[PDB]
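See below for the structure under consideration.
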Amino acid sequence: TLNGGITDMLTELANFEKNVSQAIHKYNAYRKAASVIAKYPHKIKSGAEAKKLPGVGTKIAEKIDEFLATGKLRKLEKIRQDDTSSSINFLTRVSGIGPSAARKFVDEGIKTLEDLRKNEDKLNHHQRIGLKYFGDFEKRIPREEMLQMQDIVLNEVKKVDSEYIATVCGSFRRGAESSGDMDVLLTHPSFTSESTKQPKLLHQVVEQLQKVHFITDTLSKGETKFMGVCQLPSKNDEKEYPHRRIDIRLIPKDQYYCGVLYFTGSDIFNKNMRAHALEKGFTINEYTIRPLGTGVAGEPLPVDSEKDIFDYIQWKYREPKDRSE
DNA sequence: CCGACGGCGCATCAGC
DNA sequence: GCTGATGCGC
DNA sequence: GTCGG
Ligand SMILES: Nc1nc(=O)n([C@H]2C[C@H](O)[C@@H](COP(=O)(O)OP(=O)(O)OP(=O)(O)O)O2)cc1C=O
Ligand SMILES: [Ca+2]
Ligand SMILES: [Ca+2]
Ligand SMILES: [Cl-]
Ligand code: NA
Ligand code: NA
């Protein structure tokens, strides 16, 4: 963690711009700079040494100069003191409360955790579940627990239909020792880019996972994305495991590699790769890679591997463990 | 200097 | 009810 | 906030 101070500071500036300012491009800009600094294999000794990185320009260079000299950033010392900025930042930590709803609660005087618990009737369903598990969701999942969650998920899916393949992606597939939550990619041969030969393909799996008391709450559910809550079984006289966020994404079976690339991330890796893809005249989503001609997407190029996606844009292959940008 | 910034699923809302 | 925009999430 | 054209 050679430049942890700097990247914490940038992440905190990024969170401010997203949550308070509602400036999503400064948020991405700060997070890109944070990202490029975190992989820099030297202890940064000045801002001008940092401005040499792509994504670090003049404003951030000055902030890194200030931070190296004093150990803090007055722009951030002030944000920390503004009670309104601090209240809005706190409320966005509840899942389903975003920058707009956070600023709306503050106008009403709902600014603290006790205020939300007294005003549950002002929360939609997602927000209510986010409040319900606010502290559990703050906790990280050790890989050992993700391994048990994987075993349960894969075994329960095989009981529904042995032709399902479920793949755990996200930071787990990149090899992190701990994860924010669980992300499961789901395929079945009945669902392709050409046909849906069976309805309820995601519902049945969700239903089955609810039946064994693994999934405990539904934040949102449609025909290809589930977002909810799960929890490992505990033993006799044992404290319960914290409840965990789980996302299941059903993806057409012939689009697996584009989906698994998407769902392995990281989010910033996906941003840099899809940005670079544009520069090479392609567009990438979780289904296909397509050429650009007028700037309009052409037809899906053939993809047989994650590597074929990298090839098209003239990137050497990067294993999942080296995509934690 | 300036346009452009990755791409999309689900929930909710306005307007018809 | 649908359609498109907005909010919030991955 | 940053950057390539
Ligand atoms: N904006 C995003 N764009 C993306 O393409 N994604 C893709 C890439 C991610 O890896 C994956 C899962 O999302 P998650 O939020 O779970 O990220 P993880 O990488 O798994 O990190 P932890 O769970 O905190 O360990 O979805 C996520 C975004 C979220 O902000
Ligand atoms: Ca995750
Ligand atoms: Ca997730
Ligand atoms: Cl597509
Ligand atoms: Na730079
Ligand atoms: Na939130």
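For the numbers below, each heavy atom of this structure counts, side chains included, while hydrogens, waters and symmetry mates do not. Residue numbers start from 1 in every chain, and the chains themselves are labelled A, B, ... in the order their sequence lines are given, proteins ahead of strands.
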Is it true that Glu49(A) and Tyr40(A) share a donor-acceptor pair across their side chains at a distance under 3.5 Å?
yes

Using atom CG of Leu219(A) as one end and atom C1' of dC10(C) as the other, report the distance to the nearest whole Å.
12 Å

Side chain of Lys63(A) only, please: which of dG9(B), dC8(B), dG1(D) is the nearest?
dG1(D)

Distance in angstrom units between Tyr27(A) OH and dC8(C) P, rounded
14 Å

Under 5.5 Å between ring centres and under 30° between planes: true for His25(A) and the base of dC5(B)?
yes

Whole-Å gap separating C1' (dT2(D)) and NZ (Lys52(A)):
17 Å

Indicate yes or no for a side-chain donor-acceptor contact from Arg323(A) to the backbone of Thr264(A) under 3.5 Å, with no hydrogens or angles considered.
no

Distance check needed: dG1(D) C1' versus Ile6(A) CD1, whole Å only.
17 Å

Near DNA chain B, which residues from residues 254-271 of chain A have a heavy atom under 4.0 Å away?
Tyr262(A), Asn270(A), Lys271(A)

Give me the ring orientation class for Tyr312(A) and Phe282(A): parallel if the planes are under 30° apart, tilted from 30 to 60°, perpendicular past 60°.
tilted

Indicate, with a heavy-atom threshold strictly under 4.0 Å, whether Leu53(A) touches base, sugar-phosphate, or nothing.
sugar-phosphate

How is the sugar of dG1(D) puckered by the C1'-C2'-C3'-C4' sign, north or south?
south

Atom-to-atom span, CG of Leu91(A) to P of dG9(C) - whole angstrom
12 Å

Whole angstrom is fine here: how far is it from NZ in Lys221(A) over to P in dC8(C)?
24 Å

Would you mind classifying the nucleic acid contact of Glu223(A) as base, sugar-phosphate or nothing, using non-hydrogen atoms under 4.0 angstrom?
sugar-phosphate

Most 5' of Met227(A) and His126(A) on DNA chain B, judged by nearest nucleotide:
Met227(A)

Using a cut-off of strictly less than 4.0 Å, decide whether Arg245(A) has a side-chain nitrogen or oxygen near OP1 or OP2 of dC10(C).
yes

For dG1(D) and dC8(B), measure between their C1' atoms and round to the nearest Å.
25 Å

Classify the nucleic acid contact of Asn272(A) as base, sugar-phosphate or nothing, counting any heavy atom under 4.0 Å across all strands shown.
nothing

Of the listed nucleotides (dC10(C), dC8(B), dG6(B)), which one gets closest to any side-chain atom of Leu278(A)?
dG6(B)

Roughly how far, to the nearest 0.5 Å, is the OG atom of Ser190(A) from the CD atom of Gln198(A)?
3.5 Å

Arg318(A) to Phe310(A) six-membered ring, cation-pi geometry met (6.0 Å, 45°)
no

Gap between atoms CD1 and P, on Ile251(A) and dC8(B) respectively (whole Å):
11 Å

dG15(B): pucker by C1'-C2'-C3'-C4' torsion sign, positive meaning north and negative south, is south

Below 4.0 angstrom from OP1 or OP2 of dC8(B), is there any side-chain N or O of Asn285(A)?
yes

Taking the side chain as every heavy atom from C-beta outward, state whether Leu10(A) and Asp8(A) have any pair of such atoms under 4.5 Å apart.
no

Looking only at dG1(D), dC8(C), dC10(B), the nucleotide nearest the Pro99(A) side chain is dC8(C)

Phosphate OP1/OP2 of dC10(B) contacted by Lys225(A) side-chain N/O (<4.0 Å)
no

From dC8(C), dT12(B), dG7(B), pick the nucleotide closest to the side chain of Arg274(A)?
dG7(B)

Would you indicate, yes or no, if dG1(D) has its OP1 or OP2 atom less than 4.0 angstrom from a side-chain nitrogen or oxygen of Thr58(A)?
no

note: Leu186(A), atom CG; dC10(C), atom P; distance rounded to Å ~ 19 Å

With sequence neighbours excluded, what pairs up with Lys32(A) under the side chain to side chain contact (heavy atoms under 4.5 Å, CB included) test?
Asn272(A)

Aromatic rings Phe134(A) and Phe90(A): how do their planes relate, parallel, tilted or perpendicular, breaks at 30° and 60°?
perpendicular

Residue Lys59(A), side-chain heavy atoms: nucleotide from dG9(B), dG1(D), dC8(C) that is nearest
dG1(D)

Of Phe226(A) and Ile284(A), the one whose closest DNA chain B nucleotide lies more 5'
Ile284(A)

Trace of the ring pair (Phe, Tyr, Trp, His ring centres under 6.0 Å) decision for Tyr257(A) with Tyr287(A):
CA-CA 8 Å; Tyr257(A) 299 106; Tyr287(A) 309 110; over 10 Å; no

